[PDB]
Amino acid sequence: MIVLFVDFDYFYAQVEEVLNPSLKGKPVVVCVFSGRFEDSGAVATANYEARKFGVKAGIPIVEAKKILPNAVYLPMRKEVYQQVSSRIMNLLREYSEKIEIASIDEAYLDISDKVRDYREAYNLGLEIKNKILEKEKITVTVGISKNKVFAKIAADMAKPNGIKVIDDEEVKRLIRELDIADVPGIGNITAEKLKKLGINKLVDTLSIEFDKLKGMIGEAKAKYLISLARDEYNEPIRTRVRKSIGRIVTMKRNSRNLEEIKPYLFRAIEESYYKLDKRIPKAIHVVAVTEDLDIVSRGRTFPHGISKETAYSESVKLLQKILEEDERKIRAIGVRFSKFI
DNA sequence: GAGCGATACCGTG
DNA sequence: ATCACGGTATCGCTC
Ligand SMILES: [Ca+2]
């Protein structure tokens, strides 16, 4: 099959740049402000102008201001991005009925039955970059190859505003040459677990014995890596249906006082129930990030759907259970709803 | 031996 | 020192 992946460049920033074009050329950093102290929080994304200097998603806002104190610092407007994203997405549906929306920012199309070869495919990805630039003034990167993983690796290798095909010969090349840590799904913890085992390239997972590999990363990621290195990975493009929806909020100050967490918790329920629309969940999970930045949950499933009032009273019970069964103070509290009708 | 909710870990956005 | 999603490993229960 032939897979075409679209990955919007610097999406949150670029949307801010489309809306306020005075911003082009300047470093923009979309932030998520927390409210413990002035400029506490983290970076959600920056544009290339800011990324050049080490201002990337995940760093604290204070560090980003130490590097680029004169950049534009914008509060995250996710609702807006989500709305633009939706419209870019309804636009990708013109090019294939088989479409898998992977994130706010990313979609895969199986165009197998709308092109014959990768030159036709390549051609369809210029069209699509054009259409999106025309309608929404947003640059994207396209990656084309014979499955989702190598279509995503192609986009990585081509961004920003790129397009690249990874034909069957280049796939065999990468399986040998490409550092396994750049394979989607291999993050730092498992990258290291591999290097530990000498695994540096994908091909390497075929000489190692399966249960040494399984015993180290998981049967599933083991099988995942092996199927790639055998060039036998095919995962169909499948439509995403959201499974959970939650919200966590950081408290002005740590605590384990029940009457002190309760308003943040209840704020988190309100927000999440609004984010649910007509989705009725049967499961609720309360979520506390410890003072130590660990994450510890407590949940309950129900024969029925969960009303907000059920949500309010069950969540307090679940938070009580978090505080008994642990001694660590709470930095942020939230909830996740799931198992929808 | 292996199928099921709770819960943690791990990846990416 | 953000928030969000969602896949998989592990346990204990259960057949
Ligand atoms: Ca992107």
Side-chain angles (χ1 to χ4, degrees), chain A residues 5 7-13 29-37 39-46 56-64 73 75-79 81-82 85 100-107 148-149 152-153 155-156 159 181-194 214-225 235 238 240-251 254 264 268 271-272 275 282-303 318 321-322 325-326 331-339:
Chain A
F5 170 73
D7 188 333
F8 313 165
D9 306 298
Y10 320 96
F11 182 66
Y12 291 179
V29 192
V30 177
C31 319
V32 171
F33 289 99
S34 53
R36 305 193 122 193
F37 57 86
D39 287 15
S40 71
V43 183
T45 173
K56 44 159 191 213
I59 77 178
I61 317 197
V62 278
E63 295 310 301
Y73 288 83
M76 204 187 38
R77 301 192 286 155
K78 183 91 151 286
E79 58 271 350
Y81 316 150
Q82 180 50 66
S85 180
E100 172 177 337
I101 296 174
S103 59
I104 180 64
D105 162 48
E106 276 177 345
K148 297 197 279 189
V149 171
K152 173 174 247 209
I153 282 141
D156 288 341
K159 35 211 199 159
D182 282 302
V183 163
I186 312 285
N188 299 323
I189 271 53
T190 31
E192 274 268 271
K193 274 136 162 282
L194 284 152
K214 162 198 171 292
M216 267 309 81
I217 42 169
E219 174 164 44
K221 205 119 55 194
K223 275 142 148 231
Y224 168 68
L225 290 175
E235 274 317 279
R238 49 184 57 253
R240 177 86 65 270
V241 174
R242 246 173 202 81
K243 303 222 213 304
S244 63
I245 279 191
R247 158 97 64 181
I248 329 293
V249 316
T250 306
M251 311 182 8
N254 292 347
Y264 293 110
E271 295 175 4
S272 324
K275 296 182 21 182
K282 303 175 129 193
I284 164 175
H285 270 268
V286 159
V287 176
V289 48
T290 55
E291 156 187 15
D292 316 329
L293 289 46
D294 300 333
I295 307 195
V296 59
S297 155
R298 286 309 194 275
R300 179 144 163 258
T301 305
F302 282 89
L318 286 161
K321 209 211 300 220
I322 288 175
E325 315 194 353
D326 194 340
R331 189 198 205 75
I333 196 70
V335 281
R336 192 148 294 281
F337 292 78
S338 41
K339 313 219 188 103

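Each chain gets a letter, A, B and so on, in the order its sequence line appears, and its residues count up from 1.
At the heavy-atom level, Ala44(A) lies nowhere under 4.0 Å from the strands shown. Residue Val289(A) is out of contact with every strand shown, counting any heavy-atom pair closer than 4.0 Å. Within the 4.0 angstrom heavy-atom criterion, only backbone atoms of the sugar-phosphate kind lie near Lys152(A); the bases stay farther away.
Out of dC5(C), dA8(B), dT7(B), the shortest distance to the side chain of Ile245(A) is found at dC5(C). Checked against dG5(B), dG6(C), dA4(C), the side chain of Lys339(A) finds its nearest nucleotide in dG5(B). Proximity note for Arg298(A) (side chain, C-beta onward) versus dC3(C), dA6(B), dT7(B): the nearest is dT7(B).
Crowding of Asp292(A) atom CG: a count of heavy atoms from other residues, nucleotides or ligands under 6.0 Å exceeding 12.
Not one N or O on the side chain of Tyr224(A) forms a donor-acceptor pair closer than 3.5 Å with the backbone of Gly185(A). Here the side chain of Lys339(A) pairs no donor or acceptor atom with the backbone of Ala283(A) at under 3.5 angstrom. Under the 3.5 Å distance criterion, the side-chain polar atoms of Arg298(A) are left unmatched by any main-chain donor or acceptor of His285(A). Side chain of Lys275(A) to backbone of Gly246(A): a donor-acceptor contact under 3.5 angstrom is found.
Within the structure, every side-chain polar atom (N or O) of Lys221(A) is placed at least 4.0 Å from both OP1 and OP2 of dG7(C). Contact annotation: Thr45(A) does not reach the phosphate of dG13(B) (side-chain N/O to OP1 or OP2, under 4.0 Å). Remark: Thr301(A) is in phosphate contact with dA6(B), judged by side-chain N or O atoms under 4.0 Å from OP1 or OP2. One finds no side-chain N or O of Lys56(A) lying less than 4.0 angstrom from the OP1 or OP2 phosphate oxygen of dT12(B). Phosphate proximity of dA1(C) to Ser40(A): absent, as no side-chain N or O sits under 4.0 Å from OP1 or OP2. Proximity of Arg247(A) to the phosphate of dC3(C): no side-chain N or O atom is located under 4.0 Å from OP1 or OP2. Side-chain N/O atoms of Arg336(A) include one lying less than 4.0 angstrom from OP1 or OP2 on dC5(C). Not one side-chain nitrogen or oxygen of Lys78(A) sits closer than 4.0 Å to the OP1 or OP2 atom of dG13(B).
We find that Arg240(A) and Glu100(A) are joined by a salt bridge, their nearest charged nitrogen and carboxylate oxygen being less than 4.0 Å apart.
Rounded to whole Å, atom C1' of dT2(C) lies 15 Å from atom OH of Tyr264(A). Whole-Å rounding puts the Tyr12(A) OH to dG13(B) P distance at 11 Å. Going from atom CD of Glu106(A) over to atom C1' of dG13(B) covers 7 Å, rounded to whole Å. In this structure, NZ of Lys159(A) is placed 10 Å from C1' of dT12(B), rounded to the nearest angstrom. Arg77(A) places its CZ atom 22 Å from the P atom of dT2(C), with the value rounded to the nearest Å. Straight-line distance from the CG atom of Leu318(A) to the P atom of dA6(B): 10 Å, rounded to whole Å. Atoms CG (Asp105(A)) and P (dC5(C)) sit 15 Å apart, rounded to a whole Å. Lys148(A) has its NZ atom 13 Å from the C1' atom of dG6(C), to the nearest Å.
Of the two residues near DNA chain C, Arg240(A) and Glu219(A), the one whose nearest nucleotide lies more 5' is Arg240(A). Taking the nucleotide of DNA chain C with the nearest heavy atom to each of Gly218(A) and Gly246(A), the more 5' of the two is matched to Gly246(A).
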